[PDB]
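Colleague: sequence, then structure. It's an experimental one.
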Amino acid sequence: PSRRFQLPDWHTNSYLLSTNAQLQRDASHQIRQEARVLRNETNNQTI
Amino acid sequence: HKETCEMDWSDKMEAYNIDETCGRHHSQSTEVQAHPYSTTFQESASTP
Amino acid sequence: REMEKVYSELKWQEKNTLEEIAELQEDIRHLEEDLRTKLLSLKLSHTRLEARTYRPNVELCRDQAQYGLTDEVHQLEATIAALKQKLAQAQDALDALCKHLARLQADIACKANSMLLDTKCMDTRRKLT
Amino acid sequence: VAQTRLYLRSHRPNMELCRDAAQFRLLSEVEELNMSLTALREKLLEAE
Amino acid sequence: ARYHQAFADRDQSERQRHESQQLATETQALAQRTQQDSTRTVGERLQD
């Protein structure tokens, strides 16, 4: 029974997981909308 | 005849580009994504 | 009470990550289709220019359309490069999202095991009353 | 990695798509990784 | 008999550790070799 932890580390780990998931979802949303804008501009220019 | 050879060259060029894109990929590469059905990715083909 | 609150928040985040991953896959497919369309336009421009080079002597002239075709070819090449770069960026983002989804699922499983242990202890402590 | 390689090789245009030794190697790699995965899952169950 | 039970359980556990270690090492070496073979075949198909 070597490995032991403390109470606030558990809460900090859960908060860290939630924050990381939220930030990466926001980054994915930004990348999606920038890609859509690029697609529209390139299609218009080619036509 | 030159136009026929031109079409052959275009096909070879596109096979080259696709094969370089395939050969770029490595083990710890983040452009690799999952694609399930290898049976559907296999298609009837002609011999080299 | 504390552990079930954490479990509920984890389940909500997992659902949101799943739907975001699906939408990003859809946008990746759309980008691939646009890349193929740009490739077809490039093929059309190249064959138009080389077919028009077949003009006979003296008439073979540097008219106004040749500069437009060359400029259009260069613009299409720049478009292809930009689309490939954006596709690579989108694939990077989706891979990162998949890794975080896997981590959230493993943490959910550990929390479920701990809830099972605590309610088993609660069911064990009934004989003492 | 192998699944994405097969999906990208499936896009070869017109006559260039072929039944290659690369295709045979990729299919053998996919099935061999599947066998290793199955053995690794059963070892995980035994450890639990 | 109870001490025998505890000792036998410990012995079975450590045997399973040993066996799992060899299985993991073998699968890792096999996967690396197959990936190297696939990349070399892709390069040859480029040069042709």
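Modeller: Looks like it arrived, so ask away. Residues are numbered from 1 along each chain as shown, chains lettered A, B, ... in the order given.
Colleague: residue C:10 is in contact with residue C:105, isn't it?
Modeller: No - when contacts are counted by Cβ atoms under 8 Å, residue C:10 is not listed as touching residue C:105 (9.1 Å). Backbone N, C-alpha and C define where each C-beta goes, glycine included.
Colleague: in terms of neighbours, single out the busier of these two.
Modeller: residue C:10 (21 against 13; other Cβ atoms under 10 Å in any protein chain shown).
Colleague: the more buried one: which element?
Modeller: Per DSSP states H and E, residue C:10 falls inside helix C:2-52.
Colleague: what ranges does the chain have for its helices?
Modeller: You didn't pick a chain, so chain A it is. A:7-46 (DSSP state H).
Colleague: look at chain D instead
Modeller: D:2-9, D:21-47.
Colleague: can you pull the contacts of the residue nearest to residue C:46 when sequence neighbours are not counted?
Modeller: Nearest residue to residue C:46 in three dimensions, chain neighbours excluded: residue C:73, at 7.0 Å (Cβ to Cβ, 6 or more residues apart in numbering or on different chains). Residues near residue C:73 by Cβ atoms under 8 Å, 6 or more residues apart in numbering or on different chains: C:42, C:45, C:46, C:49.
Colleague: next, the buried residues of stretch B:22-42.
Modeller: B:22, B:23, B:25, B:31, B:32, B:35, B:38, B:41 (16 or more other Cβ atoms under 10 Å in any protein chain shown).
Colleague: what's the neighbour count on residue 33?
Modeller: Using chain A. 11.
Colleague: my bad, the chain I had in mind was chain E
Modeller: For residue E:33, using other Cβ under 10 Å, the count is 10.
Colleague: spit out the contact partners of the residue nearest the centre of chain D.
Modeller: Residue closest to the mean C-alpha point of chain D, counted by Cα atoms, centre = their mean, is residue D:30 at 2.1 Å. Residue D:30 makes contacts with B:38, D:2, D:3, D:6, as judged by Cβ under 8 Å, 6+ apart.
Colleague: run the last query once more with 10 Å
Modeller: B:38, D:1, D:2, D:3, D:5, D:6, E:34 (Cβ atoms under 10 Å, 6 or more residues apart in numbering or on different chains).
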